[PDB]
Amino acid sequence: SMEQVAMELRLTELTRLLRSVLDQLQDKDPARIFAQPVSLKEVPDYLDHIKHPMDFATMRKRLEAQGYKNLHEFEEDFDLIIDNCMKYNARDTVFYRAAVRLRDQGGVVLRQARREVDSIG
């Protein structure tokens, strides 16, 4: 149906806007602390601590499959990245600190992304 195509075009254009958002957020992580999944070979206890691991590569795979239906879903995954790290790592660590800085800087980007998604529909 044409209605199904039109919905698919809207998902495509959301995907485009979320790719730009993802790029901008990842630039706020110049150390690449959040680029890849935590390795269970190197942190074998991780899944005892953190139930839903997340990282930028995993988000990018979901994005390229058009797997985010709305901005809320994408924000949920970004928040997991930050929140997971702030639980596993202590306040005095480079990891925790990196997460705080990513959260603070990413807020700016997400605030305007929300206006854009609402505005364009």
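Per our numbering, the sequence shown starts with residue -9, numbered consecutively. C-beta: ideal position from N, C-alpha, C; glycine also.
Does the Cβ-Cβ distance between residue i and residue j come in under 8 Å?
| i | j | result |
| --- | --- | --- |
| residue 34 | residue 48 | no |
| residue 18 | residue 102 | no |
| residue 115 | residue 104 | The chain is shown only over -9 to 111; residue 115 falls outside these bounds and no answer can be derived. |
| residue 21 | residue 89 | no |
Would you mind giving the Cβ-Cβ distance between residue i and residue j, rounded to the nearest angstrom? I have them listed as a contact below 8 Å.
| i | j | result |
| --- | --- | --- |
| residue 24 | residue 70 | About 10 Å separates the two Cβ atoms, so there is no contact after all. |
| residue 40 | residue 86 | With a Cβ gap of about 14 Å, residue 40 and residue 86 do not count as contacting. |
| residue 7 | residue 106 | 6 Å |
Whole angstroms is fine: what's the gap from residue i's alpha carbon to residue j's?
| i | j | result |
| --- | --- | --- |
| residue 1 | residue 76 | 32 Å |
| residue 138 | residue 65 | Given that the chain is displayed from residue -9 to residue 111, the structure contains no residue 138 and the question cannot be resolved. |
| residue 83 | residue 3 | 38 Å |
| residue 73 | residue 36 | 14 Å |
| residue 5 | residue 12 | 10 Å |
| residue 31 | residue 55 | 27 Å |
Specify the secondary structure class of residue i as computed by DSSP and reduced to three states.
| i | result |
| --- | --- |
| residue 66 | helix |
| residue 79 | coil |
| residue -9 | coil |
The alpha helix (DSSP H) that contains residue i, what's its start and end?
| i | result |
| --- | --- |
| residue 102 | 84 to 110 |
| residue 47 | 46 to 54 |
| residue 33 | It is not in any alpha helix (DSSP H) - residue 33 carries neither H nor E in the DSSP assignment. |
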